[PDB]
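Q: sequence first, structure after, both from an experimental entry:
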Amino acid sequence: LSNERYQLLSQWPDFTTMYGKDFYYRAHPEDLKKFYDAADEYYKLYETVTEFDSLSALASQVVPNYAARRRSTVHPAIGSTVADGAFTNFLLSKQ
Amino acid sequence: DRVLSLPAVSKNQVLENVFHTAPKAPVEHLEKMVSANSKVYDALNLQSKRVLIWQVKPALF
């Protein structure tokens, strides 16, 4: 999933081609501070999508809630479609 | 009142309207993407000392 987000930071326009002083001084002083904030934002997004040593601890936030649903008192592989299909056998037979 | 014939906008107010934003260094794009691609090297290379390939696709032994 991090690869699908890294692929859209791959398609980010090269803002460093507009760092020259012929773009600094032709531009509105507030549209240049927005441009320098949008360049500081890409480095925030890119330095956290390449923090791949953080994915191994995000996987441990998914494991314990999944593993408790598998500790079912009925069966590990039980679900609603089977347990509804086995209520049809239980209800539509005699008592 | 000779001071009222001088330009009323200060030398300070020129230097803060001409030099309004601290300009972006040429090298701050290199040394910020390089430190972030050094994490792309670490996790995803196959020669790194900390690859994620044995953590995400565990080896069949």
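A: Done, it's in. Numbering: from 1, shown residues only, chains lettered A, B, ... in the order given.

Q: C-alpha from now on. contacts and neighbour counts both.
A: Will do.

Q: what's the nearest residue to the residue of chain B found nearest chain A if we skip its chain neighbours?
A: Chain B approaches chain A most closely through residue B:36 (5.4 Å), counting by C-alpha to the nearest C-alpha. Leaving aside its sequence neighbours, residue B:36 sits nearest to residue A:47 (C-alpha to C-alpha, 6 or more residues apart in numbering or on different chains; 5.4 Å).

Q: helix, strand or coil for the nearest residue to residue A:29 once chain neighbours are set aside?
A: Leaving aside its chain neighbours, residue A:29 sits nearest to residue B:20 (7.2 Å; criterion: C-alpha to C-alpha, 6+ apart). Under DSSP: H, G, I helix; E, B strand; the rest coil, the three-state class of residue B:20 is coil.

Q: chain center to the longest helix along chain B: distance?
A: Selection of the longest helix in chain B by residue count, based on DSSP state H, yields helix B:30-44. Taking C-alpha atoms, centre = their mean, to the nearest Å, one finds helix B:30-44 lying 13 Å from the centre of the chain it belongs to.

Q: contacts for the helix or strand just after it?
A: Moving toward the C-terminus from helix B:30-44, the next helix or strand (DSSP states H and E) is helix B:53-56. The contact list for helix B:53-56 (C-alpha atoms under 8 Å, 6 or more residues apart in numbering or on different chains) reads B:43-44, B:46.

Q: before we move on, the earlier item: neighbours around the residue nearest to residue A:29, how many?
A: Counted with other C-alpha atoms under 10 Å in any protein chain shown, residues neighbouring residue B:20 total 15.

Q: same deal with residue B:53?
A: 13.

Q: circling back to that earlier point, buried ones among the contacts of helix B:53-56?
A: The neighbour-count test (16 or more other C-alpha atoms under 10 Å in any protein chain shown) marks residue B:43 as buried among those.

Q: helices and strands around the helix or strand in which residue B:14 is found, which ones?
A: In this structure, residue B:14 sits in helix B:11-15 according to DSSP H and E. Under the contact criterion of 3 or more C-alpha pairs under 8 Å, 6 or more residues apart in numbering or on different chains; DSSP states H and E, helix B:11-15 touches no helix or strand at all.

Q: chain center to it, what's the gap?
A: Here helix B:11-15 is found 28 Å from its chain centre; the criterion is C-alpha atoms, centre = their mean.
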